[PDB]
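These notes concern the structure reproduced below.
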Amino acid sequence: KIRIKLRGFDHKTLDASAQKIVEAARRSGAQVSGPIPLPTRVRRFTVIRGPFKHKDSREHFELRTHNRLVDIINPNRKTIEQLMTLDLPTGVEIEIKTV
Amino acid sequence: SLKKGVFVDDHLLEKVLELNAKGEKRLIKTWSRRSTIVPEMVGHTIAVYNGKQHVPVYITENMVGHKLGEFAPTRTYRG
Amino acid sequence: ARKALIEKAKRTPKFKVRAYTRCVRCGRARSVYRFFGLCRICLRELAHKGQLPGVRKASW
Amino acid sequence: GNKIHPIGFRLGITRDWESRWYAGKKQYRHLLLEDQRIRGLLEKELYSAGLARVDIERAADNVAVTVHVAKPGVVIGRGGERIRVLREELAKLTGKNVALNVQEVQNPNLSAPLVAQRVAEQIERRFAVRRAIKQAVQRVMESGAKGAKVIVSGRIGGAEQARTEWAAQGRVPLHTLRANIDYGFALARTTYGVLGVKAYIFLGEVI
Amino acid sequence: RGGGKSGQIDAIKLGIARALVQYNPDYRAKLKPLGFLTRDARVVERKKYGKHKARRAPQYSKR
RNA sequence: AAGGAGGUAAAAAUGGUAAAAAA
RNA sequence: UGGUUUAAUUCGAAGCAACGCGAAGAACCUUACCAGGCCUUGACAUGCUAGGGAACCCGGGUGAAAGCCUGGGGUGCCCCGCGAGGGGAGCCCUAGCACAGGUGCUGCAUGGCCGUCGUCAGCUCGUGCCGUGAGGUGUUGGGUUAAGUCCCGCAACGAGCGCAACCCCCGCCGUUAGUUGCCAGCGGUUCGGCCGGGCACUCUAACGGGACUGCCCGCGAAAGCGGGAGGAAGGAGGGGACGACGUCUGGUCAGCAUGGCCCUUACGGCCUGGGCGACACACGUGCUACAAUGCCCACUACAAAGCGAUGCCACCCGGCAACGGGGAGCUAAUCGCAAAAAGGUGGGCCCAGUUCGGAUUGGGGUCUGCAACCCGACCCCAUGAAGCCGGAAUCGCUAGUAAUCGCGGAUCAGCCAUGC
């Protein structure tokens, strides 16, 4: 009944978070819905080579943002406790939503 | 252009009402060639503002609901 | 010109249809990616400098 | 005669951003703006002792004023005082929650930005280009890379014709991905114009 | 489902050729010289920038 | 069929473009 | 774009490499071109003097706004006082003032960016030899390859940046994961994977595995070579991003910097309009056409990608439509753009400038936005032109490539988008 969404910038510390977090929940609680890979959010950018009038010959670039999902079943005191504060996502934010 | 209403300067309305309040001397010196030649302009000399000079047009009727400066050519030389 | 142009965009005029984008780290109005608030060359230089976050040297 | 940004080339796993925080579509722009202004204000009024990394860790209000500098002491203050005013200039211009960092690399001739910075410093103070710069390449190669290409373009002593100068030693495969090349560009500015200073320092494979 | 009708048809050829190669691996050894094992190598190449249709180059001038 | 060399036949519609100079 | 013209027609790029090029959103904005009205310690910044008002809300005249004279209220805070008194800063102003400003000129002053030869196959170092030495060497010699890719010869043996290669997109398989999916397993079903449940299958996204002439038959002094096998994948498996040493005194101070040079109540600012959309030609690139593989009307299905909170808007209603009114859901693989077109099934047209073609144009509505004349787009009735397949010559294209056909986005109120 707990629905947590992972909003990040890099898949690296993204899944690195997902590992311990889910396990720590499996630790201080019970069953945890494994870190589902929500379709990675990527944006499109298309600039050109230089400033001087050229239209053709270019370089393309693209935004890399990552989305995931984690759920559990019980609101254990110990789960709530640990999986609350015990965090260091540095450059990743998340969303707590209910169901 | 417009659809529900009709554009013309409000200063054109307010200044129609004055030169109508006396039937006074000629010349309307619009510093905006926009503003439709809306019905209540009768047919007086319109020295509309080009960008160069003040194109002065004696309005008729075959032009009523269709822009003022729509009558000044401005763009010199044709073909 | 150029300086007053930034003030025109800085002060934000009367009617809505008078505003225009501006690469704040170069100063240009046309083709300024209004996601980064940056021009094309502004964007390119900032990405290549190893500064632009999220984005990557696209090679799809 | 190009060279797509070797650092923008490194973007795979060979160079992390100088700004890692969450930006959610909307606030992302203003984030980039505010942050870039932080950077820019630093780069000059924080110069003094030369820095490489302009890294920042953020999320919700939290700020990480993180810097890789070539010196901490005479840039922290005679009583930890230089950190004070600067950090609070950030905080004043970015009203949230600032946290300084002056991490130091024990090697100057390692890390291309500052190497090029000194290279430009010598010529900025009107030194003989080729001699000193080539022997600076030799300094970096007295430190221990596997290659160092420090080219220098712009007006050479004036003479109108602003060419480019060839200085390098040791193999440099900027084409290769796992080469891990720190590249650093320094702006040379003479009272007779603008000259370019590019340093290319190649580190190693298997990393 | 997905992609295109005729493409779905070819995909049905592949689905069949993969369905029977499962429950009788003897048909397998003889089915390869007919090709009923290969999937594809012909997908729509990306729109190449600088040209119209991913390879179709725009017209030349010079004069 | 190798080179190298010795004597015989081949192949350019046209082209004017300067200059103290920069290392 | 060339021109010419224009009060002004902002500027730049000039074989190939300038011509749907900066510009991927010129109504006034943009804006740097013309005219007029105005402003000028200035649109900005750093600061000294004399004095003042605190700041600041607000009003008229007045006009095109820019702008200009003038008008009501007003008095937080700091140094000594239950009274009066003077001064400090936040602050706006007037005069001198240090000063700012230029999309003014020079890419023959430049960094940087990039274009190019051109994915060109080159460029080069150590040591040994050759020559009095410059320097030659390798790398000069032959097959072969996409390749200075690989083998042989050889006064050389190597090695480096490039080549390749590792990074990725993409086809087969592997581990995890389950509000997308799913009866594949079962229960029900207003019979909708809708109501329970699973993760095998679609799938979504991170760590992987897999292909190396590794093997089988023969050919070649080797490289290499033909054929064959297992394989999703055969000998470079397909596409990308990667572009050396360096030529071009290539381009750009008009994105950005930076030497000089010039101006400085104007070559600076605003505002307002006009304009960069001009038309007698020329040319470049593009669209739809001239059509019976055809167009018109009816009917039913398979897209990937991207976008979307004062945005996307389902939905119902309104109108012939444009589009508007009421009104669910979503910071989204869970709500929506969305109607794919081609296909296919049913009838017309029956070789005619044709129901082919939508150019000209008037007649009226809406929508945008302050406001649409020069200058937006969209819609409704009608006019329905040219054009019956294009010589001198020339564009691209070797495999999901030609062509055909549709879709999303960037910038955007709108849209000149047949552009990218």
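Letters for chains follow the order of the structure tokens (A, B, ...), residue numbers begin at 1 for each chain, and ligand numbers begin at 1 in the order shown.
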
>> Just list as a PyMOL selection string whatever in chain B DSSP marks as strand (DSSP E).
In response: chain B and resi 45-49+54-58

List every residue of chain D that has an atom at most 7 Å from any atom of chain A, giving for each one its closest atom pair and the distance in Å to one decimal, counting only C-alpha atoms, sorted by chain and then by ascending residue number, as a tab-separated table.
```
residue	atom	partner	partner_atom	distance
D:20	CA	A:91	CA	5.2
D:21	CA	A:91	CA	3.4
D:22	CA	A:91	CA	4.8
D:57	CA	A:90	CA	6.2
D:58	CA	A:91	CA	6.3
D:59	CA	A:91	CA	6.2
```

>> If we count only C-alpha atoms (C1' of nucleotides) and set the cut-off at 10 Å, which residues sit around residue E:13, ignoring sequence neighbours fewer than 5 positions away in its own chain? Please answer as number ranges by chain.
In response: E: 7-8, 18-19, 36-37, 39

File dump, residues just selected, C-alpha atoms, as a short mmCIF file (atom, residue, chain, number, x, y, z; two decimals), in the first residue's frame:
```
data_model
loop_
_atom_site.label_atom_id
_atom_site.label_comp_id
_atom_site.auth_asym_id
_atom_site.auth_seq_id
_atom_site.Cartn_x
_atom_site.Cartn_y
_atom_site.Cartn_z
CA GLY E 7 5.60 -6.69 -40.88
CA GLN E 8 3.29 -8.57 -38.56
CA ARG E 18 10.19 -20.47 -33.62
CA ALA E 19 7.12 -22.32 -32.28
CA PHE E 36 13.32 -20.31 -41.23
CA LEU E 37 15.46 -19.44 -38.20
CA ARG E 39 14.87 -13.15 -37.75
#
```

>> What's the separation between atom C1' of residue G:41 and atom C1' of residue G:100, in Å to one decimal place?
In response: 8.7 Å

> Got a sec: who's within 10 Å of residue D:206, counting only C-alpha atoms (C1' of nucleotides), leaving out chain neighbours fewer than 6 positions off, as a list in words?
Replying inline: residues 178, 179 and 180 of chain D

How would the residues just chosen look if you wrote them out with N, CA, C and O atoms as an mmCIF file, in the first residue's frame?
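Here's the written file again.cif:
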```cif
data_model
loop_
_atom_site.group_PDB
_atom_site.id
_atom_site.type_symbol
_atom_site.label_atom_id
_atom_site.label_comp_id
_atom_site.auth_asym_id
_atom_site.auth_seq_id
_atom_site.Cartn_x
_atom_site.Cartn_y
_atom_site.Cartn_z
ATOM 1 N N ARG D 178 38.666 5.106 -23.066
ATOM 2 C CA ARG D 178 39.166 4.810 -21.726
ATOM 3 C C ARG D 178 40.562 5.385 -21.490
ATOM 4 O O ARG D 178 41.349 4.826 -20.720
ATOM 5 N N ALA D 179 40.866 6.501 -22.148
ATOM 6 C CA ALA D 179 42.164 7.147 -21.995
ATOM 7 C C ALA D 179 42.205 8.092 -20.785
ATOM 8 O O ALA D 179 43.279 8.354 -20.232
ATOM 9 N N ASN D 180 41.035 8.585 -20.376
ATOM 10 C CA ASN D 180 40.914 9.510 -19.242
ATOM 11 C C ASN D 180 41.852 10.715 -19.361
ATOM 12 O O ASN D 180 42.837 10.827 -18.624
#
```

> Taking the backbone alone, and naming residues the way the document does, which bits of stretch 1-54 of chain C are alpha helix (DSSP H) by DSSP, as a count of residues only?
Replying inline: 18

>> Near chain G, meaning an atom within 7 Å, which residues of chain D appear when counting only C-alpha atoms (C1' of nucleotides)? Write them as a ChimeraX atom specification.
In response: /D:12,154-155,160,162,171-173,175,177,191-196

Could you dump the residues just selected with N, CA, C and O atoms as a PDB file, in the first residue's frame?
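Printed below is part.pdb as written:
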```
ATOM      1  N   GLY D  12      30.850   9.476 -21.217  1.00  0.00           N
ATOM      2  CA  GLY D  12      30.411   8.132 -20.881  1.00  0.00           C
ATOM      3  C   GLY D  12      30.526   7.815 -19.400  1.00  0.00           C
ATOM      4  O   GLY D  12      29.558   7.945 -18.649  1.00  0.00           O
ATOM      5  N   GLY D 154      47.022  32.115 -30.982  1.00  0.00           N
ATOM      6  CA  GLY D 154      46.906  33.549 -30.775  1.00  0.00           C
ATOM      7  C   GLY D 154      48.111  34.327 -31.265  1.00  0.00           C
ATOM      8  O   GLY D 154      49.023  33.757 -31.856  1.00  0.00           O
ATOM      9  N   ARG D 155      48.110  35.635 -31.031  1.00  0.00           N
ATOM     10  CA  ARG D 155      49.230  36.477 -31.439  1.00  0.00           C
ATOM     11  C   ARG D 155      50.495  36.143 -30.670  1.00  0.00           C
ATOM     12  O   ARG D 155      50.564  36.336 -29.457  1.00  0.00           O
ATOM     13  N   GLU D 160      51.121  40.765 -35.912  1.00  0.00           N
ATOM     14  CA  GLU D 160      49.840  40.543 -36.600  1.00  0.00           C
ATOM     15  C   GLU D 160      49.452  39.073 -36.759  1.00  0.00           C
ATOM     16  O   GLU D 160      48.483  38.615 -36.149  1.00  0.00           O
ATOM     17  N   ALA D 162      48.631  35.869 -36.151  1.00  0.00           N
ATOM     18  CA  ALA D 162      48.403  35.056 -34.970  1.00  0.00           C
ATOM     19  C   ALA D 162      48.202  33.602 -35.369  1.00  0.00           C
ATOM     20  O   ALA D 162      47.129  33.210 -35.833  1.00  0.00           O
ATOM     21  N   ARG D 171      52.652  10.089 -26.119  1.00  0.00           N
ATOM     22  CA  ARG D 171      51.409   9.721 -26.798  1.00  0.00           C
ATOM     23  C   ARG D 171      50.133  10.251 -26.135  1.00  0.00           C
ATOM     24  O   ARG D 171      49.985  10.193 -24.913  1.00  0.00           O
ATOM     25  N   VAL D 172      49.213  10.759 -26.954  1.00  0.00           N
ATOM     26  CA  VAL D 172      47.921  11.248 -26.472  1.00  0.00           C
ATOM     27  C   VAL D 172      46.776  10.772 -27.382  1.00  0.00           C
ATOM     28  O   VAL D 172      46.575  11.322 -28.464  1.00  0.00           O
ATOM     29  N   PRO D 173      46.030   9.736 -26.950  1.00  0.00           N
ATOM     30  CA  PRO D 173      44.906   9.197 -27.718  1.00  0.00           C
ATOM     31  C   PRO D 173      43.560   9.714 -27.235  1.00  0.00           C
ATOM     32  O   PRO D 173      42.800   8.992 -26.591  1.00  0.00           O
ATOM     33  N   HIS D 175      41.177  10.148 -29.068  1.00  0.00           N
ATOM     34  CA  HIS D 175      40.198   9.372 -29.828  1.00  0.00           C
ATOM     35  C   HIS D 175      39.692   8.247 -28.932  1.00  0.00           C
ATOM     36  O   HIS D 175      38.490   7.984 -28.850  1.00  0.00           O
ATOM     37  N   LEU D 177      38.538   6.078 -25.794  1.00  0.00           N
ATOM     38  CA  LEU D 177      37.546   6.421 -24.779  1.00  0.00           C
ATOM     39  C   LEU D 177      38.070   6.262 -23.351  1.00  0.00           C
ATOM     40  O   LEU D 177      37.937   7.172 -22.524  1.00  0.00           O
ATOM     41  N   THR D 191      47.803  42.830 -23.996  1.00  0.00           N
ATOM     42  CA  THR D 191      47.299  44.161 -24.291  1.00  0.00           C
ATOM     43  C   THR D 191      47.281  44.412 -25.802  1.00  0.00           C
ATOM     44  O   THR D 191      46.785  45.445 -26.256  1.00  0.00           O
ATOM     45  N   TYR D 192      47.825  43.473 -26.576  1.00  0.00           N
ATOM     46  CA  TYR D 192      47.728  43.536 -28.033  1.00  0.00           C
ATOM     47  C   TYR D 192      46.780  42.492 -28.626  1.00  0.00           C
ATOM     48  O   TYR D 192      46.814  42.244 -29.832  1.00  0.00           O
ATOM     49  N   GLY D 193      45.944  41.880 -27.789  1.00  0.00           N
ATOM     50  CA  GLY D 193      44.909  40.988 -28.291  1.00  0.00           C
ATOM     51  C   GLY D 193      44.602  39.763 -27.450  1.00  0.00           C
ATOM     52  O   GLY D 193      44.919  39.710 -26.260  1.00  0.00           O
ATOM     53  N   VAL D 194      43.972  38.769 -28.067  1.00  0.00           N
ATOM     54  CA  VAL D 194      43.652  37.543 -27.349  1.00  0.00           C
ATOM     55  C   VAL D 194      44.278  36.288 -27.965  1.00  0.00           C
ATOM     56  O   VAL D 194      44.168  36.029 -29.167  1.00  0.00           O
ATOM     57  N   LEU D 195      44.947  35.522 -27.110  1.00  0.00           N
ATOM     58  CA  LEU D 195      45.651  34.314 -27.508  1.00  0.00           C
ATOM     59  C   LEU D 195      45.035  33.123 -26.767  1.00  0.00           C
ATOM     60  O   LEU D 195      44.436  33.297 -25.702  1.00  0.00           O
ATOM     61  N   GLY D 196      45.169  31.921 -27.325  1.00  0.00           N
ATOM     62  CA  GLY D 196      44.574  30.740 -26.722  1.00  0.00           C
ATOM     63  C   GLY D 196      45.591  29.804 -26.100  1.00  0.00           C
ATOM     64  O   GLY D 196      46.691  29.636 -26.633  1.00  0.00           O
TER      65      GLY D 196
END
```

>> Residues of chain G were defined as contacting chain A if any atom lay at most 9 Å from it, counting only C-alpha atoms (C1' of nucleotides); please report them as a list in words.
In response: residues 13, 21, 22, 113, 114, 115, 176, 177, 178, 204, 205, 206, 241, 251, 252, 255, 306, 333, 409, 410 and 420 of chain G

Distance filter 8 Å, only C-alpha atoms, chain C against chain D, as a JSON list (two decimals) with C-alpha atoms, in the first residue's frame:
```json
[["chain", "number", "residue", "atom", "x", "y", "z"],
["C", 35, "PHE", "CA", 14.22, 24.99, -21.65],
["C", 36, "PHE", "CA", 17.75, 25.97, -20.68],
["C", 37, "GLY", "CA", 17.08, 29.64, -21.35],
["C", 47, "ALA", "CA", 27.53, 21.19, -22.61],
["C", 48, "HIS", "CA", 31.02, 20.63, -24.08],
["C", 49, "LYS", "CA", 32.64, 22.40, -21.11],
["C", 50, "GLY", "CA", 31.47, 19.50, -18.97],
["C", 51, "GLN", "CA", 28.96, 21.75, -17.31],
["C", 52, "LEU", "CA", 25.52, 20.96, -18.69],
["C", 53, "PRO", "CA", 23.64, 18.56, -16.36],
["C", 56, "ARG", "CA", 24.85, 13.97, -22.80],
["C", 57, "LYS", "CA", 26.81, 14.00, -26.06]]
```

Quick one: which chain F residues come within 12 Å of chain D, and what is the nearest atom pair for each with the distance in Å to one decimal, counting only C-alpha atoms (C1' of nucleotides), rows ordered by chain and ascending number, as CSV?
```
residue,atom,partner,partner_atom,distance
F:21,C1',D:159,CA,11.1
F:22,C1',D:161,CA,6.0
F:23,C1',D:161,CA,9.5
```

Mind writing the picked residues with N, CA and C atoms (P, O5', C5', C4', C3', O3' and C1' of nucleotides) as a PDB file, in the first residue's frame?
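Result file follows (again-v9.pdb):
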```pdb
ATOM      1  P     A F  21      60.626  43.624 -48.679  1.00  0.00           P
ATOM      2  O5'   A F  21      60.098  43.062 -47.281  1.00  0.00           O
ATOM      3  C5'   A F  21      59.006  42.153 -47.218  1.00  0.00           C
ATOM      4  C4'   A F  21      57.939  42.623 -46.259  1.00  0.00           C
ATOM      5  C3'   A F  21      57.569  41.656 -45.142  1.00  0.00           C
ATOM      6  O3'   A F  21      58.466  41.713 -44.045  1.00  0.00           O
ATOM      7  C1'   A F  21      55.599  42.475 -46.163  1.00  0.00           C
ATOM      8  P     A F  22      58.959  40.365 -43.318  1.00  0.00           P
ATOM      9  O5'   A F  22      57.720  39.941 -42.414  1.00  0.00           O
ATOM     10  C5'   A F  22      57.126  40.855 -41.503  1.00  0.00           C
ATOM     11  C4'   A F  22      55.982  40.206 -40.771  1.00  0.00           C
ATOM     12  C3'   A F  22      56.339  38.951 -39.986  1.00  0.00           C
ATOM     13  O3'   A F  22      56.884  39.208 -38.704  1.00  0.00           O
ATOM     14  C1'   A F  22      54.542  38.457 -41.387  1.00  0.00           C
ATOM     15  P     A F  23      58.322  38.603 -38.316  1.00  0.00           P
ATOM     16  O5'   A F  23      58.126  37.023 -38.415  1.00  0.00           O
ATOM     17  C5'   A F  23      57.528  36.294 -37.355  1.00  0.00           C
ATOM     18  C4'   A F  23      58.102  34.904 -37.243  1.00  0.00           C
ATOM     19  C3'   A F  23      59.611  34.789 -37.386  1.00  0.00           C
ATOM     20  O3'   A F  23      60.308  35.139 -36.202  1.00  0.00           O
ATOM     21  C1'   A F  23      58.560  33.108 -38.676  1.00  0.00           C
TER      22        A F  23
END
```

> How many Å separate atom CA of residue B:24 from atom CA of residue B:68?
Replying inline: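 Taking atom CA of residue B:24 as the start and atom CA of residue B:68 as the end point, the length is 20.9 Å.
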
>> For residue G:336, find every residue with an atom within 9 Å (counting only C-alpha atoms (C1' of nucleotides)), except residues of its own chain fewer than 2 positions away, and show them as a PyMOL selection string.
In response: chain G and resi 308+312-314+329-330+338

> Could you pull the residues within 12 Å of residue G:72, counting only C-alpha atoms (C1' of nucleotides), minus those fewer than 4 positions along the same chain, as number ranges by chain?
Replying inline: G: 57-60

>> Which residues are close to stretch 142-156 of chain G, i.e. within 6 Å by only C-alpha atoms (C1' of nucleotides), leaving aside same-chain residues fewer than 3 positions away? Reply as a list in words.
In response: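 In the requested format, the answer is residues 129, 222 and 223 of chain G.
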